[PDB]
>>> print(open('coords01.txt').read())   # compact mmCIF, C-alpha atoms
# COMPACT_ATOMS: atom_id res chain seq x y z
CA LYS A 1 0.00 0.00 0.00
CA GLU A 2 1.18 3.53 -0.80
CA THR A 3 1.36 6.57 1.43
CA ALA A 4 -1.02 9.28 0.25
CA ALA A 5 1.97 11.48 -0.62
CA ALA A 6 3.63 8.77 -2.69
CA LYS A 7 0.39 8.03 -4.52
CA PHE A 8 0.16 11.72 -5.45
CA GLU A 9 3.70 11.61 -6.80
CA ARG A 10 3.01 8.46 -8.84
CA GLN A 11 -0.24 9.79 -10.29
CA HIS A 12 0.56 13.44 -10.82
CA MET A 13 4.25 14.29 -11.03
CA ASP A 14 6.22 14.35 -14.26
CA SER A 15 9.24 16.62 -13.86
CA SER A 16 11.18 14.81 -16.61
CA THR A 17 9.63 16.83 -19.43
CA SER A 18 8.57 20.47 -19.82
CA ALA A 19 5.30 19.43 -21.53
CA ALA A 20 3.62 16.38 -23.11
CA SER A 21 5.95 15.07 -25.81
CA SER A 22 3.31 13.73 -28.23
CA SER A 23 -0.36 12.88 -28.64
CA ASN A 24 0.55 9.47 -27.26
CA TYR A 25 1.91 10.92 -24.00
CA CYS A 26 -1.17 10.00 -21.95
CA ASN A 27 -1.42 6.49 -23.34
CA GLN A 28 2.19 5.91 -22.33
CA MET A 29 2.05 7.64 -18.94
CA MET A 30 -1.25 6.17 -17.77
CA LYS A 31 0.17 2.72 -18.41
CA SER A 32 3.62 3.22 -16.89
CA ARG A 33 2.28 4.96 -13.78
CA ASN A 34 0.06 1.91 -13.24
CA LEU A 35 -3.23 3.71 -13.72
CA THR A 36 -4.64 1.13 -16.15
CA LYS A 37 -4.08 -2.03 -14.06
CA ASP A 38 -7.47 -2.77 -12.46
CA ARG A 39 -9.51 -0.29 -14.54
CA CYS A 40 -8.85 2.62 -16.88
CA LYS A 41 -8.55 5.59 -14.55
CA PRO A 42 -11.00 7.90 -16.34
CA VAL A 43 -9.25 11.25 -15.74
CA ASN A 44 -5.75 12.14 -14.53
CA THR A 45 -3.52 15.22 -14.61
CA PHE A 46 0.30 15.27 -14.78
CA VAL A 47 2.30 18.29 -13.61
CA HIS A 48 5.51 19.23 -15.41
CA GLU A 49 7.21 21.26 -12.72
CA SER A 50 9.73 20.26 -10.09
CA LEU A 51 8.50 18.25 -7.11
CA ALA A 52 9.68 21.14 -4.93
CA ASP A 53 7.49 23.63 -6.84
CA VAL A 54 4.43 21.37 -6.54
CA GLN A 55 4.99 20.71 -2.83
CA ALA A 56 5.32 24.46 -2.39
CA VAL A 57 1.68 24.86 -3.39
CA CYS A 58 0.74 23.65 0.11
CA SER A 59 2.01 27.00 1.41
CA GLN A 60 0.20 29.08 -1.24
CA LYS A 61 -3.45 30.15 -1.66
CA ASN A 62 -5.80 28.33 0.72
CA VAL A 63 -9.10 27.59 -1.11
CA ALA A 64 -11.99 25.13 -0.79
CA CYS A 65 -11.77 21.72 -2.45
CA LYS A 66 -14.62 20.68 -4.78
CA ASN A 67 -16.03 18.48 -2.01
CA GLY A 68 -16.03 21.27 0.55
CA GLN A 69 -12.89 20.30 2.48
CA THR A 70 -10.76 23.25 3.63
CA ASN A 71 -7.26 21.85 3.04
CA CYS A 72 -6.93 22.73 -0.64
CA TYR A 73 -4.39 25.15 -2.08
CA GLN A 74 -4.16 26.96 -5.40
CA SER A 75 -0.79 27.70 -7.00
CA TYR A 76 -0.01 31.40 -7.25
CA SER A 77 1.50 30.89 -10.69
CA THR A 78 0.44 28.78 -13.66
CA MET A 79 2.17 25.45 -14.20
CA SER A 80 2.77 23.24 -17.22
CA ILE A 81 0.31 20.36 -17.01
CA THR A 82 -1.15 17.58 -19.10
CA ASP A 83 -4.74 16.43 -18.78
CA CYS A 84 -5.34 12.74 -19.63
CA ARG A 85 -8.92 11.60 -20.25
CA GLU A 86 -10.38 8.37 -21.60
CA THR A 87 -11.70 8.85 -25.11
CA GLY A 88 -12.75 7.18 -28.35
CA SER A 89 -13.11 3.45 -27.86
CA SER A 90 -11.33 3.18 -24.53
CA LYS A 91 -12.48 0.02 -22.80
CA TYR A 92 -10.64 -1.98 -20.14
CA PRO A 93 -8.23 -3.58 -20.65
CA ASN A 94 -7.76 -1.55 -23.83
CA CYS A 95 -7.50 1.93 -22.35
CA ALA A 96 -7.17 4.92 -24.69
CA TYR A 97 -6.50 8.51 -23.65
CA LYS A 98 -6.71 12.02 -25.02
CA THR A 99 -3.69 14.20 -24.20
CA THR A 100 -4.36 17.89 -23.59
CA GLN A 101 -1.42 20.17 -22.70
CA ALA A 102 -2.06 23.41 -20.86
CA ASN A 103 -0.65 26.06 -18.57
CA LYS A 104 -2.89 26.53 -15.56
CA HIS A 105 -2.98 27.05 -11.82
CA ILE A 106 -3.22 23.78 -9.94
CA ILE A 107 -5.35 23.05 -6.87
CA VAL A 108 -4.20 20.31 -4.53
CA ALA A 109 -5.29 18.98 -1.14
CA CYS A 110 -2.50 18.84 1.41
CA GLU A 111 -2.00 16.69 4.51
CA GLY A 112 0.62 15.55 7.00
CA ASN A 113 3.96 16.57 8.43
CA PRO A 114 5.63 17.51 6.20
CA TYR A 115 2.52 19.14 4.73
CA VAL A 116 2.50 17.81 1.17
CA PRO A 117 0.00 17.23 -1.66
CA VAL A 118 -2.20 14.13 -1.33
CA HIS A 119 -4.87 14.74 -3.99
CA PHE A 120 -5.15 16.67 -7.26
CA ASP A 121 -8.42 18.62 -7.14
CA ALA A 122 -8.53 20.73 -10.28
CA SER A 123 -6.66 23.14 -12.46
CA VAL A 124 -7.62 26.70 -13.30
CA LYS B 1 -37.42 22.08 -8.42
CA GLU B 2 -35.24 22.80 -11.45
CA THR B 3 -34.66 20.72 -14.55
CA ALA B 4 -31.05 19.55 -14.76
CA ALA B 5 -30.56 21.73 -17.84
CA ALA B 6 -31.92 24.83 -16.13
CA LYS B 7 -29.76 24.21 -13.07
CA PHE B 8 -26.70 24.08 -15.35
CA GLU B 9 -27.70 27.39 -16.90
CA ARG B 10 -28.22 29.03 -13.49
CA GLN B 11 -24.93 27.75 -12.08
CA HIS B 12 -22.64 27.99 -15.07
CA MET B 13 -23.75 30.39 -17.79
CA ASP B 14 -22.78 34.05 -17.91
CA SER B 15 -23.00 35.30 -21.49
CA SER B 16 -23.51 38.92 -20.37
CA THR B 17 -19.79 39.63 -20.02
CA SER B 18 -16.69 38.57 -21.95
CA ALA B 19 -14.77 37.90 -18.70
CA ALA B 20 -15.01 38.53 -14.94
CA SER B 21 -15.41 42.27 -14.44
CA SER B 22 -13.58 42.59 -11.10
CA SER B 23 -12.11 40.67 -8.18
CA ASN B 24 -15.58 40.85 -6.65
CA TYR B 25 -17.21 39.07 -9.61
CA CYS B 26 -17.51 35.72 -7.81
CA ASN B 27 -18.85 37.23 -4.61
CA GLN B 28 -21.57 38.93 -6.63
CA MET B 29 -22.36 36.02 -8.95
CA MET B 30 -22.41 33.28 -6.32
CA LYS B 31 -24.96 35.29 -4.39
CA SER B 32 -27.20 36.33 -7.29
CA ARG B 33 -27.24 32.84 -8.82
CA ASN B 34 -28.46 31.56 -5.45
CA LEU B 35 -25.41 29.44 -4.70
CA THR B 36 -24.98 30.79 -1.15
CA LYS B 37 -28.52 30.19 0.16
CA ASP B 38 -28.29 26.94 2.15
CA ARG B 39 -24.48 26.70 2.21
CA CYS B 40 -21.54 28.33 0.46
CA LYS B 41 -21.12 26.26 -2.69
CA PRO B 42 -17.39 25.58 -2.37
CA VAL B 43 -16.41 25.66 -6.07
CA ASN B 44 -18.24 26.88 -9.18
CA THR B 45 -17.28 27.82 -12.73
CA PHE B 46 -19.00 30.42 -14.95
CA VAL B 47 -18.70 30.31 -18.74
CA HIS B 48 -18.59 33.55 -20.72
CA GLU B 49 -19.68 32.29 -24.11
CA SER B 50 -23.09 32.17 -25.73
CA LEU B 51 -25.54 29.54 -24.51
CA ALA B 52 -25.51 28.17 -28.06
CA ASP B 53 -21.72 27.71 -27.98
CA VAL B 54 -21.87 25.91 -24.63
CA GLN B 55 -24.75 23.65 -25.69
CA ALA B 56 -22.73 22.86 -28.81
CA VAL B 57 -20.11 21.16 -26.64
CA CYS B 58 -22.50 18.19 -26.36
CA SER B 59 -21.71 17.45 -30.01
CA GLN B 60 -17.92 17.84 -29.61
CA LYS B 61 -15.21 15.60 -28.12
CA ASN B 62 -16.64 12.64 -26.19
CA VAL B 63 -14.45 11.99 -23.10
CA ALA B 64 -14.83 10.32 -19.70
CA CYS B 65 -16.18 12.31 -16.75
CA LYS B 66 -14.10 12.37 -13.54
CA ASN B 67 -16.47 9.81 -12.01
CA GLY B 68 -16.16 7.41 -14.93
CA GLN B 69 -19.44 8.20 -16.69
CA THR B 70 -19.24 8.20 -20.50
CA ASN B 71 -21.50 11.15 -21.33
CA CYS B 72 -18.93 13.93 -20.94
CA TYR B 73 -17.75 16.21 -23.74
CA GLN B 74 -14.74 18.48 -24.10
CA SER B 75 -14.96 21.71 -26.09
CA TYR B 76 -12.79 21.73 -29.20
CA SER B 77 -11.84 25.34 -28.55
CA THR B 78 -10.95 27.24 -25.39
CA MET B 79 -13.64 29.36 -23.76
CA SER B 80 -13.60 32.38 -21.47
CA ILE B 81 -14.39 31.15 -17.97
CA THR B 82 -14.27 32.25 -14.37
CA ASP B 83 -13.46 29.89 -11.52
CA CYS B 84 -15.06 30.81 -8.16
CA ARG B 85 -13.70 29.14 -5.01
CA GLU B 86 -14.30 29.79 -1.32
CA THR B 87 -11.29 31.43 0.27
CA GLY B 88 -9.97 33.44 3.19
CA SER B 89 -12.50 33.53 6.00
CA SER B 90 -15.49 32.27 4.04
CA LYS B 91 -18.00 30.82 6.48
CA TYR B 92 -21.75 30.41 5.99
CA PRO B 93 -23.65 32.65 5.93
CA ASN B 94 -20.70 34.93 5.21
CA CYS B 95 -19.44 33.37 1.99
CA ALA B 96 -16.28 34.77 0.38
CA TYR B 97 -14.89 33.79 -3.02
CA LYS B 98 -11.71 34.03 -5.02
CA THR B 99 -12.23 34.99 -8.68
CA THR B 100 -9.88 33.43 -11.22
CA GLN B 101 -10.34 34.27 -14.92
CA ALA B 102 -9.02 31.90 -17.56
CA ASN B 103 -9.31 30.65 -21.10
CA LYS B 104 -9.69 26.88 -21.14
CA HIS B 105 -11.50 23.97 -22.72
CA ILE B 106 -14.60 23.02 -20.78
CA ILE B 107 -15.84 19.50 -20.02
CA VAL B 108 -19.55 19.01 -19.45
CA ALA B 109 -21.86 16.04 -18.96
CA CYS B 110 -24.81 16.00 -21.34
CA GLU B 111 -28.27 14.43 -21.08
CA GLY B 112 -31.73 14.49 -22.60
CA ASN B 113 -33.53 15.42 -25.79
CA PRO B 114 -32.42 17.98 -26.72
CA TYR B 115 -29.00 16.74 -25.61
CA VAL B 116 -27.76 19.60 -23.43
CA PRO B 117 -25.27 20.18 -20.60
CA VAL B 118 -26.41 19.07 -17.12
CA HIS B 119 -23.16 19.19 -15.13
CA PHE B 120 -19.85 21.07 -15.30
CA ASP B 121 -17.07 18.51 -14.86
CA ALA B 122 -13.81 20.38 -15.30
CA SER B 123 -11.87 22.76 -17.46
CA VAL B 124 -8.60 22.11 -19.25
>>> encode(input="coords01.txt", output="structure tokens")
Amino acid sequence: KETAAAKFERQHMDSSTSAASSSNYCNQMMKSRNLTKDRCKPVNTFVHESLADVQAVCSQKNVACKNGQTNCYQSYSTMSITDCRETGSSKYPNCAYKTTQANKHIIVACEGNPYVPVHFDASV
Amino acid sequence: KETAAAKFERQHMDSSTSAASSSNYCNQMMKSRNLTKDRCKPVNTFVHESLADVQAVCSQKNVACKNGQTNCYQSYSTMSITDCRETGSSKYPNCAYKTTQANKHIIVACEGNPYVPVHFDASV
């Protein structure tokens, strides 16, 4: 079992590239980050900034999460991100994803000591 | 009680302006669209395009919703939107919102005949 922080890293962090490298980026990343094992994870965002910069969001703008929790934080600056969403004829175990690159603020829920991201809520 | 389509219009449509008019836009709009009556709605997005253009998204890119439903659609083009999120010392009945303007693709769930938006899923 993963810690919540490590799960966030596995699902949402890609500091190895400044942006999605091709239209196949999501197909590749959803598979290699183990998000297509038991089901096709329907929606998932990757962040192309340093882990330090993403962790730093937990000390930025405190805002509500979509579910009403009060431990969400919005990045002061925009960040390079990639949205991955099931599309076309995606059907487990043949998952297929649309890759959409953007530059947006991210909103994450933070927990723990150290206080780090544990859930990706949205991007603006 | 509202139809799902009318609720979407009340919560998410603002064709009267090309973008949020001030930092107080969300405070004003969340109140006047009756989203602060029983609770402070934590998060809500307004779309500044014509109703026709937003309805048209139901005939655009079919993608998964965050919850795994298959009736979501992503706009081919970006749209002017405003994200409203509770912030600071927001506490019912004294709701307070952060206003964040952006240009992004929208993702909506569609239902019915006519097939129209009934839920705002996310923006990319």
>>> atom_distance(input="coords01.txt", atom1="CA of residue 106 (chain B)", atom2="CA of residue 22 (chain B)")
21.9 Å
>>> interface_residues(input="coords01.txt", of="chain A", to="chain B", cutoff="9 Å", atoms="all atoms listed in the file", output="PyMOL selection string")
chain A and resi 40-44+61-70+82-83+85-88+97-98+100-104+122-124
>>> atom_distance(input="coords01.txt", atom1="CA of residue 78 (chain A)", atom2="CA of residue 76 (chain B)")
21.6 Å
>>> residues_near_point(input="coords01.txt", point="(8.5, 20.6, -12.2)", cutoff="12 Å", atoms="only C-alpha atoms", output="list in words")
residues 9, 12, 13, 14, 15, 16, 17, 18, 19, 46, 47, 48, 49, 50, 51, 52, 53, 54, 55, 56, 57, 78, 79, 80 and 81 of chain A
>>> residues_near_point(input="coords01.txt", point="(-22.3, 19.5, -17.6)", cutoff="9 Å", atoms="only C-alpha atoms", output="PyMOL selection string")
chain B and resi 5+8+12+58+72-73+107-111+116-122
>>> atom_distance(input="coords01.txt", atom1="CA of residue 91 (chain B)", atom2="CA of residue 25 (chain B)")
18.1 Å
>>> decode(input="coords01.txt", residues="region 65-95 of chain A", atoms="N, CA and C atoms", output="PDB file, in the first residue's frame")
ATOM      1  N   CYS A  65     -11.790  22.816  -1.485  1.00  0.00           N
ATOM      2  CA  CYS A  65     -11.769  21.717  -2.448  1.00  0.00           C
ATOM      3  C   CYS A  65     -13.182  21.568  -3.016  1.00  0.00           C
ATOM      4  N   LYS A  66     -13.314  20.860  -4.135  1.00  0.00           N
ATOM      5  CA  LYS A  66     -14.619  20.682  -4.785  1.00  0.00           C
ATOM      6  C   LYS A  66     -15.635  20.037  -3.842  1.00  0.00           C
ATOM      7  N   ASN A  67     -15.150  19.181  -2.950  1.00  0.00           N
ATOM      8  CA  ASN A  67     -16.027  18.476  -2.013  1.00  0.00           C
ATOM      9  C   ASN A  67     -16.329  19.252  -0.733  1.00  0.00           C
ATOM     10  N   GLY A  68     -15.752  20.440  -0.601  1.00  0.00           N
ATOM     11  CA  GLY A  68     -16.031  21.275   0.553  1.00  0.00           C
ATOM     12  C   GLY A  68     -14.979  21.241   1.646  1.00  0.00           C
ATOM     13  N   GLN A  69     -14.006  20.336   1.533  1.00  0.00           N
ATOM     14  CA  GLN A  69     -12.888  20.304   2.479  1.00  0.00           C
ATOM     15  C   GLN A  69     -12.109  21.620   2.429  1.00  0.00           C
ATOM     16  N   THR A  70     -11.440  21.967   3.525  1.00  0.00           N
ATOM     17  CA  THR A  70     -10.755  23.253   3.625  1.00  0.00           C
ATOM     18  C   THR A  70      -9.232  23.171   3.506  1.00  0.00           C
ATOM     19  N   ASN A  71      -8.707  22.005   3.136  1.00  0.00           N
ATOM     20  CA  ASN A  71      -7.257  21.853   3.044  1.00  0.00           C
ATOM     21  C   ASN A  71      -6.744  21.853   1.607  1.00  0.00           C
ATOM     22  N   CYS A  72      -7.400  22.611   0.735  1.00  0.00           N
ATOM     23  CA  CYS A  72      -6.932  22.735  -0.640  1.00  0.00           C
ATOM     24  C   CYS A  72      -6.161  24.030  -0.844  1.00  0.00           C
ATOM     25  N   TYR A  73      -5.274  24.016  -1.834  1.00  0.00           N
ATOM     26  CA  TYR A  73      -4.386  25.153  -2.084  1.00  0.00           C
ATOM     27  C   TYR A  73      -4.226  25.359  -3.572  1.00  0.00           C
ATOM     28  N   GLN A  74      -4.303  26.618  -3.994  1.00  0.00           N
ATOM     29  CA  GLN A  74      -4.157  26.964  -5.402  1.00  0.00           C
ATOM     30  C   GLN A  74      -2.790  27.598  -5.639  1.00  0.00           C
ATOM     31  N   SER A  75      -2.107  27.152  -6.684  1.00  0.00           N
ATOM     32  CA  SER A  75      -0.791  27.703  -6.997  1.00  0.00           C
ATOM     33  C   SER A  75      -0.931  29.163  -7.393  1.00  0.00           C
ATOM     34  N   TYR A  76      -0.017  29.991  -6.901  1.00  0.00           N
ATOM     35  CA  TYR A  76      -0.012  31.404  -7.249  1.00  0.00           C
ATOM     36  C   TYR A  76       0.270  31.606  -8.728  1.00  0.00           C
ATOM     37  N   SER A  77       1.112  30.747  -9.294  1.00  0.00           N
ATOM     38  CA  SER A  77       1.497  30.886 -10.691  1.00  0.00           C
ATOM     39  C   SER A  77       0.864  29.775 -11.514  1.00  0.00           C
ATOM     40  N   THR A  78       0.872  29.903 -12.835  1.00  0.00           N
ATOM     41  CA  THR A  78       0.444  28.783 -13.665  1.00  0.00           C
ATOM     42  C   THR A  78       1.579  27.789 -13.769  1.00  0.00           C
ATOM     43  N   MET A  79       1.216  26.543 -14.060  1.00  0.00           N
ATOM     44  CA  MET A  79       2.172  25.452 -14.204  1.00  0.00           C
ATOM     45  C   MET A  79       1.899  24.695 -15.480  1.00  0.00           C
ATOM     46  N   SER A  80       2.943  24.101 -16.051  1.00  0.00           N
ATOM     47  CA  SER A  80       2.766  23.239 -17.218  1.00  0.00           C
ATOM     48  C   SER A  80       2.116  21.942 -16.780  1.00  0.00           C
ATOM     49  N   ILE A  81       0.972  21.607 -17.367  1.00  0.00           N
ATOM     50  CA  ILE A  81       0.310  20.361 -17.009  1.00  0.00           C
ATOM     51  C   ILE A  81      -0.206  19.634 -18.232  1.00  0.00           C
ATOM     52  N   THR A  82      -0.512  18.359 -18.048  1.00  0.00           N
ATOM     53  CA  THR A  82      -1.149  17.577 -19.097  1.00  0.00           C
ATOM     54  C   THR A  82      -2.381  16.896 -18.523  1.00  0.00           C
ATOM     55  N   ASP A  83      -3.531  17.123 -19.155  1.00  0.00           N
ATOM     56  CA  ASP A  83      -4.744  16.427 -18.778  1.00  0.00           C
ATOM     57  C   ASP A  83      -4.858  15.149 -19.606  1.00  0.00           C
ATOM     58  N   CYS A  84      -5.101  14.016 -18.948  1.00  0.00           N
ATOM     59  CA  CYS A  84      -5.336  12.743 -19.632  1.00  0.00           C
ATOM     60  C   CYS A  84      -6.763  12.286 -19.354  1.00  0.00           C
ATOM     61  N   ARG A  85      -7.531  12.021 -20.412  1.00  0.00           N
ATOM     62  CA  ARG A  85      -8.924  11.604 -20.253  1.00  0.00           C
ATOM     63  C   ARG A  85      -9.233  10.464 -21.206  1.00  0.00           C
ATOM     64  N   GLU A  86      -9.961   9.460 -20.726  1.00  0.00           N
ATOM     65  CA  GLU A  86     -10.379   8.367 -21.604  1.00  0.00           C
ATOM     66  C   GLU A  86     -11.187   8.931 -22.752  1.00  0.00           C
ATOM     67  N   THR A  87     -11.022   8.346 -23.932  1.00  0.00           N
ATOM     68  CA  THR A  87     -11.704   8.852 -25.113  1.00  0.00           C
ATOM     69  C   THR A  87     -11.908   7.753 -26.138  1.00  0.00           C
ATOM     70  N   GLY A  88     -12.562   8.103 -27.244  1.00  0.00           N
ATOM     71  CA  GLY A  88     -12.753   7.183 -28.348  1.00  0.00           C
ATOM     72  C   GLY A  88     -13.376   5.869 -27.924  1.00  0.00           C
ATOM     73  N   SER A  89     -12.619   4.796 -28.108  1.00  0.00           N
ATOM     74  CA  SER A  89     -13.111   3.451 -27.861  1.00  0.00           C
ATOM     75  C   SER A  89     -12.399   2.823 -26.675  1.00  0.00           C
ATOM     76  N   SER A  90     -11.988   3.663 -25.728  1.00  0.00           N
ATOM     77  CA  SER A  90     -11.334   3.180 -24.526  1.00  0.00           C
ATOM     78  C   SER A  90     -12.242   2.217 -23.774  1.00  0.00           C
ATOM     79  N   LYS A  91     -11.738   1.014 -23.542  1.00  0.00           N
ATOM     80  CA  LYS A  91     -12.483   0.017 -22.796  1.00  0.00           C
ATOM     81  C   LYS A  91     -11.511  -0.980 -22.188  1.00  0.00           C
ATOM     82  N   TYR A  92     -11.534  -1.082 -20.863  1.00  0.00           N
ATOM     83  CA  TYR A  92     -10.645  -1.981 -20.137  1.00  0.00           C
ATOM     84  C   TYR A  92     -10.743  -3.414 -20.676  1.00  0.00           C
ATOM     85  N   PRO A  93      -9.589  -4.050 -20.950  1.00  0.00           N
ATOM     86  CA  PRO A  93      -8.232  -3.580 -20.654  1.00  0.00           C
ATOM     87  C   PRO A  93      -7.568  -2.822 -21.797  1.00  0.00           C
ATOM     88  N   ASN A  94      -8.345  -2.333 -22.754  1.00  0.00           N
ATOM     89  CA  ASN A  94      -7.757  -1.547 -23.831  1.00  0.00           C
ATOM     90  C   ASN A  94      -8.030  -0.060 -23.649  1.00  0.00           C
ATOM     91  N   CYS A  95      -7.318   0.532 -22.695  1.00  0.00           N
ATOM     92  CA  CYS A  95      -7.500   1.935 -22.345  1.00  0.00           C
ATOM     93  C   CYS A  95      -6.939   2.849 -23.439  1.00  0.00           C
TER      94      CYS A  95
END
